[PDB]
Protein chains: 2
Amino acid sequence: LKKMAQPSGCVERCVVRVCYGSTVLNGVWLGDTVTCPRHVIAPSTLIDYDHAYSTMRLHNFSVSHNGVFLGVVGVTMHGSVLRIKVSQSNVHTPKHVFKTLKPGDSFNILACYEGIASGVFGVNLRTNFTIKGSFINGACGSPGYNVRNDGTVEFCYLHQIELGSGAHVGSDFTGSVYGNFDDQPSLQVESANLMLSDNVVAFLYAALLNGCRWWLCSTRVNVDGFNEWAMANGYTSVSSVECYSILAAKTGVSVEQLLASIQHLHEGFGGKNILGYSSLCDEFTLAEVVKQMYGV
Amino acid sequence: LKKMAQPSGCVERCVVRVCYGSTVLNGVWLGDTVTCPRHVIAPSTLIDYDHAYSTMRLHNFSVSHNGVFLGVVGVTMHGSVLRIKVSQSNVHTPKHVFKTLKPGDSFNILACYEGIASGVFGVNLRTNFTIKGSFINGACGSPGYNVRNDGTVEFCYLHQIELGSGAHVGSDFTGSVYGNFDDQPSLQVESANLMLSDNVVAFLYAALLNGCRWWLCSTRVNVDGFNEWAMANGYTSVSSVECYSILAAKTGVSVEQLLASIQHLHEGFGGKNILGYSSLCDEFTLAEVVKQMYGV
Ligand SMILES: Cn1cnc(Cn2c(=O)nc(Nc3cc4cn(C)nc4cc3Cl)n(Cc3cc(F)c(F)cc3F)c2=O)n1
Ligand SMILES: Cn1cnc(Cn2c(=O)nc(Nc3cc4cn(C)nc4cc3Cl)n(Cc3cc(F)c(F)cc3F)c2=O)n1
């Protein structure tokens, strides 16, 4: 079990550099539209974006891909993003949709600087709607994506800000900020994360499939009992036993046995480890475990 | 800190599917040459590769890029790889070199199946010359690479085998197997992994720069003394001190203090953690720490 990213080639071909005056960040070029964070039009300064938008000048923009400049034709503002119409369509536009992530969803970040990709990594949207990425100044507008089995790219995230805690906040392509954080320099404090119980169950199945079984409780707790316990101990509710059927069928271990195991392991591993982890891991989804173990 | 891969697009355009008889793995297409593990010509049985090569027939090969089949013109064997000449050059061959890794080198893996990339991740060549990837059956031939600052791709790894431990072994593009394992289905056991001290020093500097300093020793241990201790305690030598000077200056902490700190912490943290880790982390190189925190 290793956190991986899906290959980045099809997304690299969509990253552009967006400049407005002296401010530079990343945008995503699809068809004849570049989407980027609206912070690119912020003054050097609480930002009044409505006023910055009303006094915008199109000739103040510079949009470029690999040093080649695209002609800017028009700009509209949608929530926390801009949609910049350009006079040229991206001939490497992949088959794509736009998807809004939910907590517990895994996705890929292509970390970009000045319109050029530098790194790719997998992340999980947490219950407080932040991610734990690695970004420095200039990463604003870095895209997050998933690639479906048929090849369709789901565009799901545009990087916005780093919180005081180090957590990372982005928007979707409609302009909604995940978690409704402000795209402003401010002292906002995210609420505390819960452990993603769905991912912990997937992790324990992966441990069973790698021979690691010292932790397995003999007895069971049902979903209703676990969910009552989860609410009192910083865990999310578990969603439907039936979705784990493939891993339950391959291990002979029911979800209820793992729910009971989580209750035990919450109080500590006691000098032992599970796949090299010293506490429970909610980093991997059921789909990731199934893909990495079986290719499905 | 996040382990990440460099963008994979330029390598994706070189991945091919190589088939000989019923055996299918991955290769890398550069110019008019495909390099792949020689296991593709193994019979279905201790493999006599010299005999398999002498009886090889070019018509048994099939080589394709994204489902487009390439004509096979000639084949030579070089150590544990084949060099397959095809009837056209890859028009997307990136500027590139071949480089043989040394233990402690980080690089990127593009995990491929049937000539199609499915995931990308960063790894470190360990002192026992294995890596800890995530690979299932069909990953043979998956390439490892690094991208230089000037854009030159260093091709450095072709995936070969998974040992009983789960550890992964590959070759370089000259055909030398890392660690001189055999490209045979025999039982082989790698030597004990040593903690990469250079990476642990980088990790402790990252902690200091993040305000985590509960563990810091005022004691100093010089390089020579640390290296003698390291021998007897599962650690590599520390290679040098001066490369850390930028981080030593920002923190006011000498490398020799961090060597003393490693000796203080090598058995465990008690109940405490460092950047979320419950034991010392050797995942991150100095270059990665400096790049991810300062963009250098
Ligand atoms: C450490 N870190 C991790 N993620 C981030 C994201 N991020 C960013 O990359 N850049 C930001 N400010 C800018 C400065 C610029 C200087 N030039 C020349 N051009 C610049 C462009 C930007 Cl966007 N910010 C700050 C920030 C970005 C916003 F979108 C926002 F609404 C409020 C903010 F305070 C930033 O967080 N940094
Ligand atoms: C679980 N895992 C992780 N990494 C690996 C690497 N690996 C591999 O992907 N495939 C292998 N055997 C093949 C079977 C095939 C069936 N078909 C239809 N085509 C096949 C092609 C291969 Cl290569 N092996 C085994 C292996 C591969 C070698 F290169 C070698 F020299 C000896 C070996 F025993 C394998 O390890 N599996």
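Heavy-atom basis, side chains included; hydrogens, waters and symmetry copies ignored. Ligands are counted one by one from 1 in listed order, and the atoms in each one are counted from 1 as well. Numbered from 1 within each chain, the chains take letters A, B, ... in sequence-line order.
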Pair A:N108-A:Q6, side-chain donor/acceptor within less than 3.5 Å: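 Side-chain D/A pair, A:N108 to A:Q6: present.
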
Close side-chain approach of B:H39 to B:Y49, heavy-atom, < 4.5 Å: yes

Using modelled atom types only, decide if a donor and an acceptor are shared between the side chain of A:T45 and the backbone of A:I47 within a distance under 3.5 Å. no

So, A:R38 side chain and A:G79 main chain: donor-acceptor pair closer than 3.5 Å or not? yes

Pocket residues of ligand 1, ordered first by chain and then by residue number (heavy-atom cut-off under 4.0 Å): A:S22, A:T23, A:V24, A:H39, A:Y49, A:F135, A:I136, A:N137, A:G138, A:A139, A:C140, A:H159, A:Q160, A:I161, A:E162, A:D183, A:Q184, A:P185

In this structure, are over 12 heavy atoms from other groups packed under 6.0 Å from B:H59 atom NE2?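 Buried by this count: over 12 neighbours within 6.0 Å.
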
What residues form a side chain to side chain donor-acceptor pair (under 3.5 Å) with B:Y145, not counting sequence neighbours?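 So B:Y145 forms no side chain to side chain donor-acceptor pair (under 3.5 Å) with any residue.
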
